[PDB]
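> PDB entry and its sequence, pasted below:
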Amino acid sequence: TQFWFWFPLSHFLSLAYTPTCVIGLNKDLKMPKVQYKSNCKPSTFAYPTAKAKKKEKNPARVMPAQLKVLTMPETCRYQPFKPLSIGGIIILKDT
Amino acid sequence: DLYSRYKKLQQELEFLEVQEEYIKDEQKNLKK
Amino acid sequence: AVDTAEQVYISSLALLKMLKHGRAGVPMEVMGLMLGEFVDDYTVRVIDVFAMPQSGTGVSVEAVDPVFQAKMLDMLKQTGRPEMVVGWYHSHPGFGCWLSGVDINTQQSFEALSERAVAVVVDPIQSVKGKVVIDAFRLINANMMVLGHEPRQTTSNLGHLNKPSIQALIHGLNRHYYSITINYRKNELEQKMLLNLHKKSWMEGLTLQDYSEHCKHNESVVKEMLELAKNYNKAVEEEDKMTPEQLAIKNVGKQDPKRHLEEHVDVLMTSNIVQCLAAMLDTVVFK
Amino acid sequence: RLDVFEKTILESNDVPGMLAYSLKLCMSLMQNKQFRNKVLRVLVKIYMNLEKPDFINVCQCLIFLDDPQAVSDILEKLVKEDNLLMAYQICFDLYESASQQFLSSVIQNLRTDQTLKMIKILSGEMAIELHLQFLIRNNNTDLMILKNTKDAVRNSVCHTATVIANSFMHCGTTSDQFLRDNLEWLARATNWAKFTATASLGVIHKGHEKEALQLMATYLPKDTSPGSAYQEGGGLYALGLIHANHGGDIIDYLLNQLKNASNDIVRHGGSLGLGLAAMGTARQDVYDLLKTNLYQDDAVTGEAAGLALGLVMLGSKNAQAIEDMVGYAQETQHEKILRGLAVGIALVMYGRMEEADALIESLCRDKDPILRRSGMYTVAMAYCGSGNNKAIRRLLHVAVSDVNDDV
Ligand SMILES: [Zn+2]
């Protein structure tokens, strides 16, 4: 907010940027491969339908309002056991 | 819902307190 | 050129010396030197102002008598504070205060002694009560027009400089001149005793004296202006009763037809002065 | 009351999560911390006495109540329990939520498999490099935008906006393509867009542990020695932009580089980066050199000290630090020292809700416009998220009354 009196204070704004990505990891490092669904329409997902598709972990980018329209993959192999209501790193449990 | 619908009204009571205090000092300041 | 943050400090005596000496010699630009302390790169602190003597009877012409320098600084050495000269000033009394050709002429000769000796312009005419108008400047070279002129640290000061501002010719003198912000710090001792002076010494000595004099007015002089008030509040009234009639006559509230108005509110405020100073009678006279 | 509330949660009702969204209600409208803990501490007694295993609620109270021993208790029980799948969520949300003193105080309780796990979960670097991997594999940008905002050439401050913009759209990508494509337009402004460029280098490299020092070894000041002052002074600032919120060999790296250095051109990036990596960490041995940085008797390094002297002591209110700051920033002749220490005394008090008010009244008292503005920043920072109407009265009141514009 106060950047006149020290012009390098335009640089602290990088620390304001936060991760918004839907992650999930089955061990400390292992990446499985899975794609789960969303309930919305495929045009609001854009960042320049029956379901949208996300990533398997890199993780997928996400909207803070699309955090509830996701659904854990009921038919694929790897399933997040914990209720997934935000992005970030969680468990992706194999059955 | 009445716990929420009763507790959230205290905020608006506090707000009307604030602005009723505030416009008095604004009115006094604007003549200066 | 290579710039810094733009900031000029003051002394409270400075502004008063500026206005007095620029008023007492008004139609000719009156030379004056400026005295203070270069504290750092970007703030300059004037603390003292002494005016220069005058000469032959012509506009804008200026001089620095070095024996006056030696003797004045010698007196300020035997005065409690000797310090370094920081620049100078004069007035542009009839206009929007830009440094003239003679001003930049003495500036290119005066700049070889000090870097940031800031030229300041007081104006005792374009200020009435809510303007200083303090107006200081800084000269640019011509050798460094191959290079840029534009670091301008603490950007707020420049955007603040463009608002107190007018002309086509100031706009033509953003070359050769870039100004510098002036601000004011006030001793709370000095602020409170100037408040003493000008919220207490406009009331007069022993403080009973003029209010008992108002009590002297309230039984000898007020009845004459009460007769004037009563004659006004008959004569104005029998024609301002035509006014809501004619409001019903002409239109719903259209443009201004003619001269007169109600004007009664002022006469009633004078009557309120009558009643408050009549209230003063019991309070002062008894006990 | 605590125990009749304990009776209401000991009922014969089908309660999946009434004891979770009522806790959301407990976090939403709470009067004081004196009552929040009194509600919260027996709820997790009934949770660890509840038949179903539940970890989100004990995680919730854990990050709330700031206990460096109960987290070690349930982590001991889940490592003893021998399932790292359930000892996962608590550990990584643990690293996510709370402060550095909390994790760096429970790390002793975790080393009081089990030795590798605490390194996995409390260092927590791999989550940052995981999202950094997302940021390098995911690149959805445009150069044409910067072409349109590039060919509006003016020699002005605009250079800083352009380099901060292409550091904005290239955060976490660790790519210097705007040091690849042009070399003379970068070299147009003097010393300040150059500090901004050598710090935009660090803006590209947020949370970047691996190639940090060896990527900025081009701009280490002891070898190349450029004629520009802040150009060689910006390397340590970019390093602190990299390693913010965490302390490593950067503390012990800059701690002797701020001793033996150039004049007050390098300290401005050095102490900023050092207290930025040590932000909220309460490190005493950077506060030590920040003392002589304060008493340099110069305000351009007075702002170095003014940022860092609060940065190292975020949310701590060291009662001698307040004394140091307000007792140096009254007799000074400058103003950068005043405003830097204004930000610092605002930054040292953070989330106290009543405990700042003795200072707040004192900062309201002074005739200094800078110090009244400082009290405004202090009541802004000590009340983050406070919906209480104690601050707002005097806050907006002096927003009416005071004569300076900046306040
Ligand atoms: Zn002139």
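That came through, no problem. Numbering: from 1, shown residues only, chains lettered A, B, ... in the order given.
> which residues does the residue nearest to residue C:44 when sequence neighbours are not counted bridge with?
When the adjacent residues along the chain are set aside, residue C:44 lies closest to residue C:8, with 5.5 Å between them (C-beta to C-beta, 6 or more residues apart in numbering or on different chains). Bear in mind the C-beta positions are built from the backbone N, C-alpha and C, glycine included. Residue C:8 forms beta bridges with residue C:44, residue C:182, as assigned by DSSP bridges.
> what's the answer for residue C:120, then?
Beta-bridge pairing for residue C:120 (DSSP bridges): residue C:89, residue C:136.
> count of residues packed around the residue nearest to residue C:44?
23 (other C-beta atoms under 10 Å in any protein chain shown).
> do the same with residue D:242
Count around residue D:242 with other C-beta under 10 Å applied: 27.
> close enough to count as contact, it and residue D:206?
Yes: with contact defined as C-beta atoms under 8 Å, residue D:242 reaches residue D:206; the gap is 6.6 Å.
> from chain D, how far out is residue B:5?
13 Å (C-beta to the nearest C-beta, to the nearest Å).
> can you confirm that residue is in a strand?
No: read with DSSP: H, G, I helix; E, B strand; the rest coil, residue B:5 is helix and lies in no strand.
> wait, what's in contact with the nearest residue to residue C:38 once chain neighbours are set aside?
Leaving aside its sequence neighbours, residue C:38 sits nearest to residue C:44 (C-beta to C-beta, 6+ apart; 6.1 Å). Neighbour list for residue C:44: C:7, C:8, C:9, C:36, C:38, C:86, C:116, C:118 [criterion: C-beta atoms under 8 Å, 6 or more residues apart in numbering or on different chains].
> ok, now which ones touch the closest residue to the ion within chain A?
Closest approach between chain A and the ion, counting by C-beta to the ion: residue A:4, at 32.0 Å. When contacts are counted by C-beta under 8 Å, 6+ apart, residue A:4 touches C:154, C:155, C:156.
> can I get those residues in JSON lines including secondary structure?
Formatted as JSON lines, the contacts of residue A:4 follow (three-state DSSP):
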{"residue": "C:154", "secondary structure": "coil"}
{"residue": "C:155", "secondary structure": "coil"}
{"residue": "C:156", "secondary structure": "helix"}
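> most neighbours among those, which one?
residue C:154 (19 neighbours).
> could you pick out the residues of chain C near chain A for me?
Contact residues (C-beta under 8 Å from any C-beta of the partner chain) of chain C with chain A: C:5, C:153, C:154, C:155, C:156.
> which of these sits closest to chain B?
Ranked by distance to chain B (C-beta to the nearest C-beta), the residues of chain C next to chain A are led by residue C:156 at 24.2 Å.
> now that closest one. Nearest residue, chain neighbours left out?
residue A:4 (4.6 Å).
> could you measure from the one you found over to residue C:158?
As judged by C-beta to C-beta, to the nearest Å, residue A:4 and residue C:158 stand 10 Å apart.
> again, but for residue D:92
Residue D:92 is 49 Å from residue C:158, where distance means C-beta to C-beta.
> all strands for chain A, in order.
In chain A, the segments counted as strands under DSSP state E are A:21-22, A:37-38, A:60-61, A:70-71, A:78-79, A:93-94.
> OK, contacts around residue 14?
In the absence of a named chain, chain A is used. D:167, D:168, D:171, D:203, D:206, D:241.
> hmm, I had chain C in mind actually
Taking C-beta under 8 Å, 6+ apart, we find residue C:14 in contact with C:34, C:46, C:47, C:48, C:49.
> nearest to residue A:49, of those residues?
Checking the contacts of residue C:14 against residue A:49 by C-beta to C-beta gives residue C:46 as the nearest, at 72.1 Å.
> bridging residues for the nearest residue to the closest one once chain neighbours are set aside?
Among residues not flanking residue C:46 along the chain, residue C:36 sits closest, at 3.7 Å (C-beta to C-beta, 6+ apart). On the basis of DSSP bridges, residue C:36 is bridged to residue C:46, residue C:84.
> quick check: residue C:36 touching residue C:82?
No: with contact defined as C-beta under 8 Å, residue C:36 does not reach residue C:82; the gap is 11.9 Å.
> higher neighbour count, the two?
A side-by-side neighbour count of residue C:36 and residue C:82, using other C-beta under 10 Å, places residue C:36 first with 23 against 13.
> contacts only, for that one.
If you count contacts by C-beta under 8 Å, 6+ apart, residue C:36 has them with C:9, C:11, C:44, C:45, C:46, C:47, C:48, C:83, C:84, C:85, C:86.
> so which of these is the closest to residue D:152?
residue C:44 (35.5 Å).
> residue in chain C nearest to the ion?
For chain C, the residue closest to the ion is residue C:100, as judged by C-beta to the ion, at 4.2 Å.
> neighbours of the closest residue to that residue other than its chain neighbours, just the number please.
Nearest non-adjacent residue to residue C:100, counting by C-beta to C-beta, 6+ apart: residue C:60, 5.9 Å away. Number of residues near residue C:60 (other C-beta under 10 Å) recorded here: 17.
> report the secondary structure state of residue C:60.
Quick answer, by three-state DSSP: residue C:60 is coil.
> gap between residue D:119 and residue D:110?
9 Å.
> of those two, who's got more company?
Neighbour count, other C-beta under 10 Å: between residue D:119 and residue D:110, residue D:110 has more, with 20 against 13.
> go ahead and confirm the more buried one touches residue D:75.
Yes: with contacts counted by C-beta under 8 Å, residue D:110 reaches residue D:75, the gap being 6.7 Å.
> show me which residues of chain B sit near chain D.
B:3, B:4, B:7, B:11, B:14, B:17, B:18, B:21, B:22, B:25, B:26, B:29.
> of the contacts of residue A:14, closest to residue D:130?
Proximity of the contacts of residue A:14 to residue D:130 (C-beta to C-beta) peaks at residue D:206, which lies at 13.9 Å.
> on that earlier part again, go ahead and confirm the residue nearest to residue C:44 touches residue C:182.
Yes: Residue C:8 lies in contact with residue C:182 (C-beta under 8 Å); the separation is 4.5 Å.
> anything in contact with each of those two?
Counting by C-beta under 8 Å, 6+ apart, the common neighbours of residue C:8 and residue C:182 are residue C:136.
> would you mind measuring from the residue of chain A found nearest chain C to residue D:339?
Here chain A gets closest to chain C at one residue, residue A:4, 4.6 Å apart by C-beta to the nearest C-beta. Look at residue A:4 and residue D:339: by C-beta to C-beta, they are 10 Å apart.
> ranges for the helices of the stretch 1-150 of chain C?
C:12-23, C:66-78, C:101-110 (DSSP state H, counting those that start in this stretch).
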